[PDB]
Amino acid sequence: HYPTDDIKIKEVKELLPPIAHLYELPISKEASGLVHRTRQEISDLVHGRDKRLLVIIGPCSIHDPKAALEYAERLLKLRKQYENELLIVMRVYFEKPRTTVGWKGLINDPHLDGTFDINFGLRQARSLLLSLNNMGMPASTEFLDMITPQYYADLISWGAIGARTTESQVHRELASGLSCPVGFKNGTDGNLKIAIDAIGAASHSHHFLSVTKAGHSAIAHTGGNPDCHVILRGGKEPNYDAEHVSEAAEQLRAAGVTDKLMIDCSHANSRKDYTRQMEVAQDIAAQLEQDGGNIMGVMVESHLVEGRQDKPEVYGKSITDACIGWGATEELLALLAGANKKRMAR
């Protein structure tokens, strides 16, 4: 009798179920009001009901809950100051997907040492998200799989499906059942169609496999997500400018989906140079001053300290993509608030 099962598996280890973390860290009354309201505010932006700019801003990845909370405290002041022009939501992404060998993020490997203490990682992810909402800072994240949302999606005000998963049927099915609005990124080489197609798909009811909150194999039946939009994040060429926004809006309309979209200032639009994010934001500011009617949001990679590092030596400095630092963050946000004030007054 020859073996055929789990030939290339080292082990399969059962995790604590979502309900265990939910019981210790239940969503508070206050956090629930913030999440519910922020989801609605974002829906309003996606559908053109409000002309504030959604700003998804924060670290490329979270590797240190302390620095994340300090960052949130600073950002909250600006979220409040600019609340009439900008809707500021913090980036709380636990991982950056990659092709080469590297750190697999705070959920999978919280101790940053290849121990893969995932129960600890999931608990800390949830705890950080609860603390953020409790202080008044809504949180955004990317869902890379169909199981992690059960642990903490209740704390998430906006979700992303990245460039590498926007075309994936199962990630579209997930999005169709996410409680938050969802942005779909264009493809890594610039393909917009996959994201336009994703919005249409995700608006419908789907099924996908996952686990129940008690941790048991399950099929989820979704209602459809009416609050999806595209995210322009560059490709072979950047796609942040007015001509690209116009072309995207035309294609969105031709597909019968929302022509309000988000522009990522980072990643392929900055050509991985954090100092380009301000130049992208300047371009967006000019678009908002002139017309800019199809822009509902921007994404920015921002941390306490600018740049990046291979090892987590400097506090508040990214170990994944390079970020703008705090002073630049202040200037970028001022810029976009000033420009959108003018758009909103028209």
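Throughout, we count residues from 1 along the sequence that is shown.
Higher mean CA temperature factor between 97-105 and 84-92: 97-105, per the PDB entry. Per the PDB record, of the two stretches 294-302 and 307-315, 307-315 carries the greater mean B-factor over its C-alpha atoms.
The PDB entry assigns its highest CA temperature factor, among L112, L128, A139, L174, to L112. Across the residues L75, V170, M135, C265, the deposited record lists the maximum Cα B factor for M135. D189: CA B factor in the highest third of modelled residues in this chain (values from the PDB entry). When the modelled residues of the chain are ordered by C-alpha B-factor, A68 sits in the lowest third. Annotation for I156: C-alpha temperature factor in the lowest third relative to the rest of the modelled chain, per the entry. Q251 sits in the highest third of its chain by CA B factor, as recorded in the PDB entry. The deposited CA B-factor of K272 belongs to the highest third of values across its chain.
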